[PDB]
Amino acid sequence: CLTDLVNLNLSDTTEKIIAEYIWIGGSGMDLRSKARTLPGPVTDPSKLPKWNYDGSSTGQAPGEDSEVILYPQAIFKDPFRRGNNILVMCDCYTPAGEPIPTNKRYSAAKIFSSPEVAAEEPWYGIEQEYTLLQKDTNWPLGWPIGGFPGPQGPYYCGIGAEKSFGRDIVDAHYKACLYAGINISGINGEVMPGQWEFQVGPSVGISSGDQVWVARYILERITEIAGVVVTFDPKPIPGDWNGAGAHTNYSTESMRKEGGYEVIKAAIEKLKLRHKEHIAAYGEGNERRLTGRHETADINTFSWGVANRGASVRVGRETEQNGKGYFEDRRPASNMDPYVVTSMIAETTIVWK
Amino acid sequence: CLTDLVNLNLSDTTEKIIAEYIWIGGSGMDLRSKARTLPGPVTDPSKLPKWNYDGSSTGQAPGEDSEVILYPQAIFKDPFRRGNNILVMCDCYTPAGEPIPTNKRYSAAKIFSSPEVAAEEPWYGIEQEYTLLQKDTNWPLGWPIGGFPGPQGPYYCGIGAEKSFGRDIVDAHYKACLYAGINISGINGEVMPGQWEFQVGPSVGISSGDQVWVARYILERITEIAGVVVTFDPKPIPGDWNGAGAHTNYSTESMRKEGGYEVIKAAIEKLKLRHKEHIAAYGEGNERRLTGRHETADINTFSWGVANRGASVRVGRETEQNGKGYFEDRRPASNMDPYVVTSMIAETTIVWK
Amino acid sequence: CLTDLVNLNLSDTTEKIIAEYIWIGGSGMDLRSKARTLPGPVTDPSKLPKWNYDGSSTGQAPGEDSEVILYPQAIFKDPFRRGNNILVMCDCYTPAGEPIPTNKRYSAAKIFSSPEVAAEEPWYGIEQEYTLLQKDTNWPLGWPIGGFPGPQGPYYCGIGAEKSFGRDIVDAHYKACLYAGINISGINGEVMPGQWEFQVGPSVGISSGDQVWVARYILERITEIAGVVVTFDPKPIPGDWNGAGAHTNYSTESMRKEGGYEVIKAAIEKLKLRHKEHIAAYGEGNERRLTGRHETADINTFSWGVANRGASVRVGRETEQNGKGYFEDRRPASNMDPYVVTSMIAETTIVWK
Amino acid sequence: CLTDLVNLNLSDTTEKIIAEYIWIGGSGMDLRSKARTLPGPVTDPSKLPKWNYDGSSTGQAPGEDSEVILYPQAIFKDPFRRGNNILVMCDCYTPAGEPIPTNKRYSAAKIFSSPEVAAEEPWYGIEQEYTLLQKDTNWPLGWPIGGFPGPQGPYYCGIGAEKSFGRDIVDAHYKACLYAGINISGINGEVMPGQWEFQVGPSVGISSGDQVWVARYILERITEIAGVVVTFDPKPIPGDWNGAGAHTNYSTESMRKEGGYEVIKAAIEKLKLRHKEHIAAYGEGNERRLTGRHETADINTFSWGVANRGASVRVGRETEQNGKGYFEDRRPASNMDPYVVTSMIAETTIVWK
Amino acid sequence: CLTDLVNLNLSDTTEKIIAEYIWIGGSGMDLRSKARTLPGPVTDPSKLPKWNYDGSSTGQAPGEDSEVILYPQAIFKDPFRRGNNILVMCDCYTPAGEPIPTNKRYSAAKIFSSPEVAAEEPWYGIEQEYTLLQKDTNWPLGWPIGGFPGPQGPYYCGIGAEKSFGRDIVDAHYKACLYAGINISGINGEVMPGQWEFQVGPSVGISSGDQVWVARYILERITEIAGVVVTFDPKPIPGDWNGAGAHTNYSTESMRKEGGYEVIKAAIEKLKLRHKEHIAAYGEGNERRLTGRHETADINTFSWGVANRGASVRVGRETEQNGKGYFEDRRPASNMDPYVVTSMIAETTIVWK
Ligand SMILES: Nc1ncnc2c1ncn2[C@@H]1O[C@H](COP(=O)(O)OP(=O)(O)O)[C@@H](O)[C@H]1O
Ligand SMILES: Nc1ncnc2c1ncn2[C@@H]1O[C@H](COP(=O)(O)OP(=O)(O)O)[C@@H](O)[C@H]1O
Ligand SMILES: Nc1ncnc2c1ncn2[C@@H]1O[C@H](COP(=O)(O)OP(=O)(O)O)[C@@H](O)[C@H]1O
Ligand SMILES: Nc1ncnc2c1ncn2[C@@H]1O[C@H](COP(=O)(O)OP(=O)(O)O)[C@@H](O)[C@H]1O
Ligand SMILES: Nc1ncnc2c1ncn2[C@@H]1O[C@H](COP(=O)(O)OP(=O)(O)O)[C@@H](O)[C@H]1O
Ligand SMILES: C[P@](=O)(CC[C@H](N)C(=O)O)OP(=O)(O)O
Ligand SMILES: C[P@](=O)(CC[C@H](N)C(=O)O)OP(=O)(O)O
Ligand SMILES: C[P@](=O)(CC[C@H](N)C(=O)O)OP(=O)(O)O
Ligand SMILES: C[P@](=O)(CC[C@H](N)C(=O)O)OP(=O)(O)O
Ligand SMILES: C[P@](=O)(CC[C@H](N)C(=O)O)OP(=O)(O)O
Ligand SMILES: [Mn+2]
Ligand SMILES: [Mn+2]
Ligand SMILES: [Mn+2]
Ligand SMILES: [Mn+2]
Ligand SMILES: [Mn+2]
Ligand SMILES: [Mn+2]
Ligand SMILES: [Mn+2]
Ligand SMILES: [Mn+2]
Ligand SMILES: [Mn+2]
Ligand SMILES: [Mn+2]
Ligand SMILES: [Mn+2]
Ligand SMILES: [Mn+2]
Ligand SMILES: [Mn+2]
Ligand SMILES: [Mn+2]
Ligand SMILES: [Mn+2]
């Protein structure tokens, strides 16, 4: 029957390939994709033809001038179609070669090409938290309808049927990602029952943004299979329940070398000064998450400390004791555009004075 | 149990083959098929025996003179029975060798054999849109019964459980088709939730028609497996919801060579003059689709433009900028007979003056 | 679909590994785990990097000083993720290298390193009994809701649908454990319908504790898959229904050699004197189990005998008739921390006089 | 069985009475009630004993000083218990005779006792709109779960099963209210499917506030019976669906006498000047309702007109043509405290200059 | 519980009355109603105050000039609210006293006031056929979903569970109507399973129209209670299944007196000449019903005969044999506006020459 067809091995019959072009839609938060057949395997992004789609249907163009252009930027193996088929992360342009307003990759690319940044070779590990929800009722997975599970406490990194909801989805994603070639560093059950996390491990500059988006694309496709819905809303349930963020861990060449801890403090300092303008691009709805309770710092103050999950930035015990490592900006929400957060951190930390 | 039997590998036990003869029924819109055993593998259509069926049961013949004859025309691998078994696309005739009124392949074959057409070597890519429906209630897949989903917008090329209904079926079909040997160029989720699309990529003359029909046959067989119903009705739900069409993309030898864009304009021009008579054969119910809203042009006007999804014909940005390519006739409905549309375009575009 | 992704073989695509760090949480009875990617296979515990987690979320640290450190101590193969992926049993410390109050491995390690203990090379076989419960109602698997099955009698080591509930889970676990490298000696259906047992066979000193914990981790993960709940509560149902214990079988070098039976009696003797203080660490709720009925001895008396399941300690017919073997301390409850019971027995039996 | 007991006629057995004391709770939007037995029928409010309740449980007092006092203010017949039993609308005070912060009846009473207001003898008709919701899912009655009914249009004052949801409840309420002695002037199905309205007809000064609250109490008690939930949230569903308000119709002695239309215009004028401060007390969430679409006027502008449902105030065709009547302030939300809106209008309209 | 409240007898507690004003909405086919309280019983229409409603919500007025006026024209007892409560049939006007375009009572009233018509004192019996449908699926009551019952034949005037669907509703209606004061002459099960009929017996001129509308109002309210949907669509199911009409039986003074049969033939004759223009106002969709099969006459021909259910007009055996009676115009569809058909027959039959 149905899975025999979806899992057909094509290699036995043609050289042809299926490429799934992924892009980001009109809201800056919606992933979209379509697929095309290509005549043979491809490993280099610049050897893939450009393409277009109906921008008038994604809120990015008018009906009379509907075409919007897709620039292939990164290739990953398609864990769904398997064999030689591929996912292609994309960039969006007018037919005139202008990047459209919702393309935030272009700006970020410039910052990561700019040679004083490139030389610092920044590293990002981003911690994507999300929440799983029952289709149609829109209530968190594992929660009874019109009710709540036991209070927070046993859920964080837990095991068992009354504690841990949807490991299925999570472990699936983890391998999918690995197979695809995403640098995924690890996963964990989070504090609010039904909330999970994966980390896209230390990735350089632009490719961090690319990998987080593709990882999210894979997550949602998996949840789609499962008949479950994901939100990246930073505070999906009001009251005594954790919000969800996208912690950004960060380091520069000079931060991970001898006496980098000094560079770290100095970077934090610069961040303190540009808190206000960082918050503004750190994803919407954040006001509902950053309250000072539930392992956040208040939106209005900026703070930092060592093992302090109540602070705006946190520095690992390990990197303190070694005088070198990385720090964690805990401010960005789970619905953060990594392109924006990732480059803005480099900019406020290297370029600006 | 049941799938062990349906998936038996016959190769281990005989040389014998199963051929599924497919034809088009009395309404010109209903596919029909039966199967026979053949003594060994066959790769050439003319080496398959002709056959007959009970036309009195498909509305094509009377009871007392019931026999109607099947001419094998194209072979494809059967993605259901797998191994060496085959699908055989067919043509319909009286025992006297007359093509029956519902055989539109014969006319089309003549036009594509006619040497001034053949030399121009026309190319067609056809975009089959369709809609998936819940068995028995006849309401679109994923829609709640006696109600509607959220308004159009997030569905086009979307991902996730609350957005994307029946990817299962779609991805299955895609591989099925590839395996079978249909030149299928790509797929995508369409604008109305539950509506999808596949494209039968650039195919020459008569074989375009053959492949579209066989692709439709595979689609409906898959939906059958799934316990879901397909309509090719061009406007299945009334009101603020997309209709479904069968866009025909077209090019001639001279159109894809240097300065073909001029030939394109001239062809469009000829099309403008024969709009009235094209509409008449562009599938029934089209009046309900072509309204000027929802990415169509009004039935009564003819128009064209560059990236204009509101026009009767559209010319890609890419082919404009290259002075050579193809244009898209957006007029045909999803229930179009590709034999009719495909040849009628060649006729109005090459032969007539 | 979903199990195709969870069962992806990673070996075909990278050298990378997934390690699941397991630890024991704030209540001393809750297992917790998270996973990370490592660059290649690892077989030695000391070659695994140390790690940390949010102790503020497991009741082990404050929010402002939240980091707690994980020391890898034992590696086993992950029977879930399979291939080269691993489970890593852990130990808990402050960033200052202090063992936290809930780390009972550290104390036990000292006792088993201490050279007069090491030389006696103690052996432990521990019999983990547990009960399976329906999710949400929290009533034993196979029991009708708000009611009881037939009285005890046909359930112990039974077979058939009306007698034996959840063998599925049990047999799964058994192989899981073997695969993982736990020395699991055997399994059996227990006396109360829905209650089962596995034995972690003769294991030396500290590794007994390690293996029991990891075996429990595997059990609960399996039940999680099954949509069923486990309790290690020593007496889950009040009345005429068996409780659950963690019998510890024990032997020293000198006990299993010629005329060890004398050493056995002498050990029992020492145990009689420290009954009071053993009970106190033999797991909470034990008062509800050890009643003198249902194959226990009363908490307040200490007793021993030969084939006597009504005594506090029991000595096998086999080891009596051979003048050498091991004895069974039937006192510990099913929710016993094996680190505590296992070393406390060595201490009261070798060191103290 | 159960309704035989609930409907027992007590008259046949004692003179005793049951009085249900109703009051308004800590949030200023939550009705609360408890019942006591009284020795014989009572018709005058001042002949009912005062009472108290646990304010610490309604967010109105601390635990150590928990008593809050209830002043009977209005009697109505209890339509649930029937016979001679009564509902008693209440007022809230400290034991020291201070009105508590959430008692808005006291202020309003003062304004309606103040002799220049009393002499003008103001009249209020208030139009309570509300929405009916499915228990637990919190989605509007008659809507399919995770979906929407047909667009607005056939619902307003409609009849039939596919159009009209919960008439049951509505018609019940209507008679309940009449029986009770509420001056209820009429009912109607509103624009958004599942939304209804009742009017508390022309009532003088303080008693308008009293009757609206008691009418709301009766409504919710009825929906409680039905196993359905009510919201007075002014905009329960986002998007192309009506919000809900509490239109206040108003007239003074001088407005309903010869050439009152002049007094009306002058009153409107005064209202224009105090729009800002009226909005602030016209119920919370109003920003989400008053948008200028769906028969509201934008929160930021003030406007008036004759038959204009798009304006902030509307004057009936009937009262224009007669040079005398009443005008409709369409600004208050459905969650308005009538005590506050009702007196504030008298104050801005008579006292202030 | 709920029916105790809906059936409260108000007479025991006030003199007050509930009046349900009914009118016809923007489509000319949708009934609408709302209710008001009146101070005492009323028996004469002209003693009821006029009223208004929001025409902007029924498609009859703009938002800025929203008021539309209701003229009470006929009173009937409300069979739902019972006691002294009343239904009030209405007429629609601008505030300027113009009848709105959808008010067809005004025209008809003129024709029935015009003294040469009045003197002929026309009589109408109209046969309302309708179909009952399952809510949400919109498939006829008693039909299995996605299928059909046995072929027509045993359904007409049938009895039994496999033959007769919804008698409940029907018998309820019948008494309701009688109670209300509608001159309802009789009922019967019709030919297509799930289709019924009632007749509004011999009623004079304008009051026929009034009574048919109010009868329809009562029908749909009843079906609403039942959780069932009604259509007056003339041909709800395509194929071998009866359509639904609104046969109009007609007689004038001179037709029911000695040798009226001559006047009858002459009237028929006049009708033959104005068939074309009668058809145009005889309700929309009629083309799908009037086919010449299933007891209709073809739309394009006009015919008459004696006991002929295949003709456009039919004359009873009884009135033929008596040389005096009435004839049956079988042409109007079930969705006919009786005001239009009823007066148009008088006009073509008396006034015009
Ligand atoms: N030097 C570094 N610079 C930037 N990121 C790093 C560095 N070292 C490790 N990381 C990344 O930071 C991430 C932190 O993940 P996790 O263990 O969830 O963080 P936390 O415990 O702070 O929540 C991992 O992706 C890791 O790849
Ligand atoms: N040069 C050509 N001549 C005719 N058909 C072509 C030509 N080039 C491409 N096609 C086909 O026409 C189809 C276009 O489909 P699609 O990608 O859906 O276009 P749209 O932008 O209208 O969605 C594809 O099959 C494409 O391969
Ligand atoms: N000499 C020994 N020292 C420690 N454990 C032993 C020794 N001999 C056997 N065992 C173990 O004791 C356990 C046997 O448990 P089990 O069959 O449940 O005992 P019983 O059923 O008699 O109460 C297993 O751990 C077995 O591997
Ligand atoms: N003179 C008056 N002054 C104040 N309110 C009045 C006066 N006359 C009537 N009312 C009341 O105002 C309320 C408006 O009800 P309704 O007819 O539903 O309003 P709308 O037409 O705005 O829906 C009713 O209670 C009506 O009886
Ligand atoms: N002289 C008349 N004029 C008008 N209607 C009449 C006259 N005599 C009887 N009727 C009525 O005509 C209607 C008859 O419809 P019905 O009994 O269903 O007839 P059929 O057998 O034509 O279906 C009823 O209102 C009946 O009372
Ligand atoms: C549990 P936590 O300590 C806090 C993050 C939290 N889920 C949030 O509100 O951002 O996450 P992590 O940073 O260890 O992943
Ligand atoms: C979304 P669309 O732009 C328009 C097709 C539409 N479903 C129709 O009504 O013909 O499809 P395509 O051009 O990407 O083929
Ligand atoms: C029959 P049993 O003695 C069961 C022991 C009992 N569940 C308990 O409460 O100790 O089995 P074994 O493990 O001792 O062989
Ligand atoms: C039809 P409407 O104008 C509705 C206005 C709307 N429901 C709202 O206040 O938001 O109410 P009413 O005045 O007829 O009661
Ligand atoms: C039996 P019939 O011809 C039914 C009318 C038929 N269903 C139609 O299409 O008009 O009418 P009657 O019994 O009501 O006169
Ligand atoms: Mn983390
Ligand atoms: Mn986290
Ligand atoms: Mn973190
Ligand atoms: Mn397309
Ligand atoms: Mn399309
Ligand atoms: Mn197209
Ligand atoms: Mn045992
Ligand atoms: Mn046991
Ligand atoms: Mn034992
Ligand atoms: Mn109103
Ligand atoms: Mn209203
Ligand atoms: Mn109003
Ligand atoms: Mn009849
Ligand atoms: Mn009839
Ligand atoms: Mn009739």
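Calculation criteria
- Residues numbered from 1 in each chain as written, not as in the entry; some residues may be left out.
- Chains lettered and ligands numbered in written order.
- Part of a larger assembly, values for the part shown.
- Heavy atoms only, no water.
- Helix = DSSP H or I, 4+ residues; strand = E, 2+ residues; numbered from the N terminus.
- Buried < 20%, exposed > 50% of the residue type's maximum accessible area, 1.4 Å probe, protein only.
- Contact = heavy atoms within 4.5 Å.
- Areas by Shrake-Rupley, 256 points an atom, 1.4 Å probe, with all protein chains shown as cover.
- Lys, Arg positive; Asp, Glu negative; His and termini not counted.
- Charge placed at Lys NZ, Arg CZ, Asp CG, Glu CD.
- Least-squares fit on C-alpha atoms.
- Near = heavy atom within 4 Å.
- Polar contact = N/O pair within 3.5 Å; in protein donor to acceptor, adjacent residues only side chain to side chain.
- Donors = N, O, S within 2.8 Å, 3.2 Å for Na, K, Ca; no water.
- Tetrahedral: all angles 85-135°; square planar, octahedral: opposite > 155°, others 65-115°.
- Salt bridge = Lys/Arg side-chain N within 4 Å of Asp/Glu carboxyl O.
- Buried area = accessible area lost by both parts, 1.4 Å probe.
- Nonpolar A, V, L, I, M, F, W, Y, C, P; charged D, E, K, R; others polar.
- Domains from an automatic or database assignment.
- Axes fitted to C-alpha atoms, helices over the stretch in contact; angles between N-to-C directions.
- Parallel < 35°, antiparallel > 145°, perpendicular 65-115°, else oblique.
- Left-handed = near helix turned anticlockwise from the far one by under 90°.
- Pairing = 2+ DSSP bridges.
- Patch = residues over 30% accessible without salt bridge, like charges linked within 9 Å, V, L, I, M, F, W, Y side chains within 5 Å.

For this deposition, the record names X-ray crystallography as the technique by which the model was determined and cites 3.81 Å as its resolution.

All right, on to the overall build of chain A then. Within chain A one finds 11 helices and 13 strands. For chain A, the spread of C-alpha atoms along the three principal axes comes to 60 × 55 × 40 Å. Residue burial in chain A is summarised as follows: out of 353 residues, 60% are buried. Across chain A, every contact between residues at least 6 apart in sequence was considered, and the portion connecting residues at least 24 apart equals 64%. Total accessible area computed for chain A in this model is approximately 12600 Å², and 53% of it derives from carbon and sulfur atoms. Measuring between centres, the 36 positive side-chain charges of chain A sit 2 Å from its 44 negative side-chain charges.

Across the gap from chain B to chain C, with no contact made, the nearest C-alpha atoms are 9 Å apart. Regarding chain C and chain D, the two do not touch, and the least distance separating their C-alpha atoms is 18 Å.

Right, let's talk about the relation of the copies chain B and chain D for a bit. Superposition of the two copies of the chain requires a rotation about an axis together with a shift along that axis. When chain B is fitted onto chain D, the two copies agree to an RMSD of 0.0 Å after a turn of 180° and an axial shift of 0.1 Å. Look at the turn and shift together and you get a two-fold axis relating the two. Ranked by how close their C-alpha atoms come to the rotation axis, the residues of chain B are headed by B:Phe148, at 2.6 Å. A shared binding surface is used by both copies, with 100% of the interface residues of chain B retained as interface residues in chain D.

Attention now moves to the site of ligand 9. Close to ligand 9 lie 18 residues; D:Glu127, D:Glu190, D:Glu197, D:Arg289 and D:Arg330 are nearest. Of the chains in the model, those with residues near ligand 9 are chains D and E. One of the side-chain N or O atoms of D:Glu190 is found 2.8 Å from an oxygen atom in ligand 9. Within the contact set of ligand 9, an oxygen atom lies 2.9 Å away from a side-chain nitrogen or oxygen of D:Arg289. In isolation ligand 9 exposes 410 Å². Once the protein is present, 96% of that is buried.

Another point: the coordination of the manganese ion (ligand 22). All names here are of chain D. Protein-derived ligands of the manganese ion (ligand 22) are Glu127 (OE), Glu127 (OE), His247 (ND1) and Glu328 (OE), with the metal-ligand distances lying across 2.0 to 2.7 Å. Coordination at the manganese ion (ligand 22) comes from 6 donor atoms whose angles at the metal span 59 to 165°, giving a geometry best classed as irregular. If you list the donors of the manganese ion (ligand 22) from N- to C-terminus, the spacing comes out as E-x119-H-x80-E. Separation of the manganese ion (ligand 22) from the manganese ion (ligand 20) amounts to 3.8 Å, with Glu127 serving as a shared donor to the pair. Note that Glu127 is positioned in strand β6 (residues 123–134) and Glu328 in strand β13 (residues 327–329), a separation of 201 residues in sequence. Using a relative accessible area of 13% as the deciding quantity, one classes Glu127 as buried.

Right, let's talk about the side chain of E:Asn249 for a bit. Residues and elements named next belong to chain E. Locating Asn249 in the fold gives a position in strand β10 (residues 246–251). On the basis of relative accessibility, which here comes to 13%, the residue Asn249 falls in the buried class. Each residue touching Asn249, except ones within four places of it in the same chain, is listed here: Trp123, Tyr124, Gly125, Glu127, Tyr326, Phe327 and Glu328.

One pass over the full model with this rule turns up 100 salt bridges over all chains. Between A:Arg81 and B:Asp171 there is a salt bridge, with the nearest N and O atoms lying 3.0 Å from each other. One end of the pair, A:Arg81, is in the loop between β4 (67–77) and β5 (86–93); the other, B:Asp171, is in helix α4 (residues 167–180), on a second chain. On the basis of relative accessibility, which here comes to 6%, the residue A:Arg81 falls in the buried class. Notably, a salt bridge pairs D:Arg288 with D:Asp233, separated by 2.5 Å at the nearest N-O pair. Placement of the pair is D:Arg288 in helix α9 (residues 286–289) and D:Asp233 in the loop between β9 (228–231) and β10 (246–251), with a sequence separation of 55 residues. D:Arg288 gets classed as partly exposed once you look at its relative accessible area, which sits at 40%. Each of A:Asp171, C:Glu20, C:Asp78, C:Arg81 and C:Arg221 takes part in one network of salt bridges that share partners.

Let us look at the relation of the copies chain B and chain A. Rotating chain B by 72° and moving it 0.0 Å along the rotation axis overlays it on chain A with an RMSD of 0.0 Å. What the superposition gives is, in effect, a five-fold axis relating one chain to the other. Taking C-alpha positions as the reference, the residue of chain B nearest the rotation axis is B:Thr3, at 9.6 Å. Mapped onto chain A, only 2% of the interface residues of chain B again fall at the interface, so the copies present different surfaces.

In this assembly, 6 residues from chain B lie in contact with 6 residues from chain D. With both sides pooled, the region where chain B packs onto chain D buries about 360 Å², and carbon together with sulfur makes up 69% of that total. Taken together, the links from chain B to chain D amount to 0 salt bridges. Applying the counting rule to chain B against chain D returns 1 residue pair in polar contact. Here the residues of the side of chain B that touches chain D sort into 4 nonpolar, 2 polar and no charged.

Another aspect to go through is the domain arrangement of chain A. Residue and element names in this part refer to chain A. When cut into domains, chain A gives domain 1 (1–101) and domain 2 (102–353). For domain 1 and domain 2, the distance between their C-alpha centroids amounts to 26 Å. Taken residue by residue, the interface counts 27 residues in domain 1 and 23 residues in domain 2. In total, about 2300 Å² of surface goes out of reach between domain 1 and domain 2, with carbon and sulfur atoms giving 68% of it.

Right, let's get into the packing of helix α4 (residues 167–180) of chain A against helix α5 (residues 206–226) of chain A. Residues and elements named next belong to chain A. Closest axis-to-axis distance for the α4/α5 pair is 10 Å, and the angle between their directions is 135°. The angle between α4 and α5 falls in the class oblique. Crossing hand, α4 versus α5: right-handed. In this structure, α4 uses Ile169, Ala172, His173, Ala176, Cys177 and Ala180 to contact α5, whose residues at the interface are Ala215, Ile218, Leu219, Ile222, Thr223 and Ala226. Grouping the amino acids of the contact of α4 with α5 by side-chain chemistry returns 10 nonpolar, 2 polar and no charged.

Residue and element names in this part refer to chain B. Taking strand neighbours across the sheet as the criterion, the 5 strands line up as β2-β1-β5-β4-β3 in an open arrangement whose pairing is mixed. Of all the strands in the sheet, just β2 (31–38) and β3 (51–54) have a single pairing partner and so form its edges. Neighbour-to-neighbour, the strand axes of this sheet turn through a mean angle of 40°, independent of strand direction. With 8 bridges joining them, strand β4 (residues 67–77) and strand β5 (residues 86–93) adopt antiparallel strand pairing. The residue bridging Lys77 from the neighbouring strand is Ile86, located in β5.

Here the focus is a negative patch on the surface. Together, B:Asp54, B:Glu64, B:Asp65 and B:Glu67 make up a region of like negative charge exposed at the surface. On the secondary structure map, B:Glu67 appears in strand β4.

Moving on, we come to the interface of chain B and chain A. It is common to give the size of an interface as the accessible area lost on bringing the parts into contact. Taken together, the contact pairs 47 residues of chain B with 41 residues of chain A. Surface buried jointly by chain B and chain A totals about 3700 Å² across both partners, of which 55% is contributed by carbon and sulfur atoms. Of all residues in chain B, B:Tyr156, B:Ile159 and B:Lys175 bury the most surface against chain A, accounting for 20% of the area lost on that side. At the junction of chain B with chain A, the criterion picks out 6 salt bridges. For the pair chain B and chain A, the interface holds 27 residue pairs in polar contact. When residues of the side of chain B that touches chain A are traced back to their parent elements, those giving at least two are α4, β7 (184–189), α5 (206–226), β12 (313–315) and α10 (317–321) of chain B. Broken down by element, the residue count for the side of chain B that touches chain A peaks at 8 residues, all from α4(B). Of the residues in the side of chain B that touches chain A, the class split is 21 nonpolar, 13 polar and 13 charged. Looking at chain direction, strand β2 (residues 31–38) of chain A and β7(B) are connected through 2 bridges and run antiparallel. Within β7(B), the position partnered with A:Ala35 by the bridge is B:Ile187.

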